[PDB]
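Neighbour counts run over all protein chains shown; Cβ positions are idealised from the backbone, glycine included. Coordinate-derived values only; no laboratory data.
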Ligand SMILES: Cc1cc2nc3c(=O)[nH]c(=O)nc-3n(C[C@H](O)[C@H](O)[C@H](O)COP(=O)(O)OP(=O)(O)OC[C@H]3O[C@@H](n4cnc5c(N)ncnc54)[C@H](O)[C@@H]3O)c2cc1C
Ligand SMILES: *[C@@H]1O[C@H](CO)[C@@H](O[C@@H]2O[C@H](CO)[C@@H](O)[C@H](O)[C@H]2NC(C)=O)[C@H](O)[C@H]1NC(C)=O
Ligand SMILES: *[C@@H]1O[C@H](CO)[C@@H](O)[C@H](O)[C@H]1NC(C)=O
Ligand SMILES: *[C@@H]1O[C@H](CO)[C@@H](O)[C@H](O)[C@H]1NC(C)=O
Ligand SMILES: *[C@@H]1O[C@H](CO)[C@@H](O)[C@H](O)[C@H]1NC(C)=O
Ligand SMILES: *[C@@H]1O[C@H](CO)[C@@H](O)[C@H](O)[C@H]1NC(C)=O
Ligand SMILES: *[C@@H]1O[C@H](CO)[C@@H](O)[C@H](O)[C@H]1NC(C)=O
Ligand SMILES: *[C@@H]1O[C@H](CO)[C@@H](O)[C@H](O)[C@H]1NC(C)=O
């Protein structure tokens with residue numbers, strides 16, 4: 001298959017880039033650069049590597065390097081990082097939305113690709129025309145291949161993923177797409193950023209494609225403020241190191257500051273810097289640099305709804321590789337060992353029953369979603385104090401209708417011959433399964449189930465939307481030399497699993513920056 005000749009193979013996680021990674025305590029990192037990228041995450045790492053092909057780049061990341069937390073480097077360690085308590089330095093930062101749903105974000109060089117579930121997919125090909133951005137579609141595809149050559153494999157067979165795939169097909173999630181990276185209706189094996197040795201590959205490895213003479217990375221660099229000219233332009237940043245001391249770095253000439261701090265971090269930093277809704281910022285006595293009513297608005301979290309089955313015989317743990325895709329729901333299942341310490345946010349609250357045997361977590365994702373909320377500041381000065389985030393799950397009735405459809409399809413899945421061997425009782429109904437937590441239930445019972453048992457899919461996005469805060473080149477409207485590139489930029493998903501899109505986007509926008517400059 002020509003289209004997959006380029007995929008990565010099994011290999012150790014490549015930390016060669018550590019040769020140009022430095023502690024933010026090093027004041028010799030202060031000074032002038034062509035580009036400053038804020039946030040060494042999913043988009044930020046390939047963006048910085050791409051810009052460094054020609055220009056001097058400083059990448060600033062608030063977390064440390066992944067070697068400090070070895071359980072981020074294997075598939076087997078996924079649960080560990082979520083189970084670990086948040087001490088302010090760990091790679092997983094815990095939060096709770098104002099809705100009451102537990103959640104996490106990354107705090108580590110590599111961003112959320114260092115802690116995530118590894119599922120790799122390209123964007124739904126209809127996404128590009130939906131946005132109305134004049135994408136260079138040939139370049140988009142070359143850029144996917146540049147990412148995939150470094151960190152994406154074709155997964156080997158896993159017994160539970162194959163069971164689930166046979167079930168999806170039997171339940172009518174057709175056609176059978178075989179192995180494919182593309183987000184299309186039907187059932188498929190997709191790519192993974194875990195290799196077939198279980199080694200995690202991630203966005204930090206794309207730093208190895210940067211020019212080591214041009215790229216500098218500062219870790220434990222907490223960026224507190226974007227600095228502006230006194231024609232409004234961004235000119236630099238203030239960041240603090242792990243000892244608390246402050247540092248300043250600037251861009252020069254035709255260079256630019258790009259914010260890649262994520263759905264949560266990018267609106268927070270813009271607001272702290274005086275870019276945002278005029279009445280809101282004035283009410284905090286933050287001087288407004290650029291009024292924009294949409295900074296931190298239109299923030300989205302696709303709902304996750306789920307059931308857990310406890311088979312009467314052990315099943316093998318698996319990472320998610322098999323996807324069942326419809327336009328109105330995206331479905332997967334993971335199989336897991338039992339645990340006595342919960343992975344935080346796997347279930348939506350800390351008071352959720354613990355599994356004492358192996359279990360299958362069977363999941364459906366609402367597309368969009370159409371419900372939205374906001375990011376607002378908790379502290380008007382301290383970037384290390386997490387902002388308030390509210391998603392307003394199921395405020396839009398279309399989301400609820402789509403959850404009902406997805407839950408009914410999970411019922412179909414539980415009724416397949418594929419899943420029958422995992423029932424505890426060989427009775428006709430799906431009550432023959434043993435359930436951890438709430439089992440599946442007319443639509444009123446499904447609506448109640450959807451509302452009561454919702455969790456985060458962890459695929460939140462928005463807050464600095466193209467068309468509201470940014471133009472089609474990802475520039476902050478009204479401000480020269482300032483862009484935003486990360487998941488804050490779009491109001492809908494590109495697909496069921498967006499890391500592949502945001503990895504591509506980092507390099508793609510970097511190439512656009514370089515081309516505009518030439
Ligand atoms: C638990 C979990 C599992 C997931 N699993 C999958 C999956 O299997 N497949 C998939 O496709 N997607 C998955 N996702 C979603 C996907 O990984 C994310 O949507 C995507 O990685 C977000 O990229 P980003 O660049 O917007 O943010 P990030 O990758 O989080 O990058 C933002 C970076 O900015 C840093 N930062 C923030 N504020 C500052 C500041 N002030 N100064 C300096 N640095 C700062 C952060 O530390 C972070 O490294 C998962 C998400 C989670 C939470
Ligand atoms: C791929 O993305 C497109 C969005 O651009 C989705 O298609 C739209 O949504 C529904 C599809 O049932 C229709 O009402 C719209 O008319 C569609 N628009 C276009 C231009 O086709 C589509 O559902 C997504 N596909 C998957 C499998 O998620
Ligand atoms: C993976 O192995 C194949 C074997 O055909 C090889 O051609 C390719 O160069 C390897 N991929 C990478 C990214 O090194
Ligand atoms: C940076 O140096 C400080 C000491 O000044 C130390 O406490 C911290 O762990 C270092 N961080 C990294 C990422 O090396
Ligand atoms: C890009 O790749 C996709 C598959 O991911 C393919 O369907 C599409 O035709 C390609 N587009 C271009 C412009 O090559
Ligand atoms: C803002 O400052 C004014 C004084 O100029 C004060 O009256 C007001 O209470 C302040 N508001 C906040 C939220 O600090
Ligand atoms: C800050 O967040 C906490 C939740 O962690 C909340 O209880 C508190 O009211 C918030 N404070 C402000 C000023 O927003
Ligand atoms: C739900 O979302 C759609 C699309 O954004 C919108 O047209 C509709 O008005 C929303 N419904 C409600 C009740 O807000």
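Debye calculation, C-alpha points only, no solvent: report log10 I(q)/I(0) for the stretch 34-130 at q = 0.15 Å⁻¹, in the same order as the q values.
One equal scatterer on each Cα of the stretch 34-130 leads to -0.73.
Bin all alpha-carbon pair distances of the stretch 15-91 at 5 Å intervals from 0 and give each bin's fraction as a whole percent.
Pairs per bin, as whole percents: 3, 13, 20, 24, 17, 12, 7, 4, 0.
For the chain, would you read off the P(r) tail past 46 Å as a percentage of all alpha carbon pairs? Walk me through the numbers on the way to the answer.
Values: 12442 of 133903 pairs.
For the chain, the share of Cα pairs beyond 46 Å comes to 9 percent.
May I ask you to work out the translational diffusion coefficient for the stretch 126-199 at 37 °C, viscosity 0.692 mPa s, via Stokes-Einstein with Rh from the Kirkwood sum over Cα pairs, reported in whole µm²/s?
Numbers: Rh = 14.3 Å.
So the translational diffusion coefficient is about 229 µm²/s.
Can you give the log10 of the normalised intensity I(q)/I(0) at q = 0.14, 0.20 Å⁻¹, computed with Debye over equal Cα scatterers of the stretch 73-189?
For the stretch 73-189 at q = 0.14, 0.20 Å⁻¹, log10 I(q)/I(0) is -0.90, -1.18.
Can you show me the helix-derived [θ] at 222 nm for the chain, built from DSSP H runs with n ≥ 4 at -39,500 (n - 2.57) apiece and divided by the number of residues, rounded to the nearest 500.
Values: 10 runs with 110 residues, N = 518.
The per-residue figure over the chain is -6500 deg cm²/dmol.
For the stretch 326-370, what's the radius of gyration and Dmax over Cα atoms, in angstrom?
When restricted to the Cα atoms of the stretch 326-370, Rg and Dmax are 13.0, 37 Å.
Using only alpha carbon positions, build the gyration tensor of the stretch 455-498, then give the equivalent ellipsoid semi-axes as the square roots of 5 times its eigenvalues, largest first, whole angstrom.
Ellipsoid half-lengths, sorted descending, are 23, 9, 8 Å.
With the Cα gyration tensor of the stretch 413-467 in hand, give its eigenvalues times 5 under a square root as the equivalent ellipsoid semi-axes, listed largest first in whole angstrom.
After scaling each eigenvalue by five and taking roots: 33, 15, 11 Å.
Using only the Cα atoms of the stretch 310-440, what are the Rg and Dmax in Å?
Computed over the Cα atoms of the stretch 310-440, radius of gyration and Dmax are 17.9, 60 Å.
Which values of log₁₀ I(q)/I(0), to two decimal places, follow from the Debye formula for the stretch 232-301 at q = 0.19, 0.20, 0.27, 0.29 Å⁻¹ with a uniform point scatterer at every Cα?
Debye output, listed in q order: -0.91, -0.98, -1.23, -1.26.
In Å, what is the Rg of the alpha-carbon atoms in the stretch 401-514, and how long is Dmax?
21.4, 67
Using only the Cα atoms, what convex hull volume per residue in Å³ does the stretch 213-272 have?
Details: hull volume 7.1 nm³, N = 60.
Hull volume over Cα atoms, normalised by residue count, gives 118 Å³.
Could you grab the Rg to Rh ratio for the stretch 235-382? Cα atoms only, Kirkwood for Rh.
With Rg and the Kirkwood Rh in hand, the quotient comes to 1.12.
What is the calculated FRET efficiency for residue 243 to residue 378, with r their C-beta to C-beta distance and R₀ = 25 Å, to the nearest 0.05?
Using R0 = 25 Å, I get an efficiency of 0.60.
Measure off 7 Å from each Cα along the Cα-to-Cβ vector at residue 356 and residue 448, then give the distance between these two points in nanometres to one decimal.
In this crude label model, residue 356 to residue 448 measures out at 2.9 nm.
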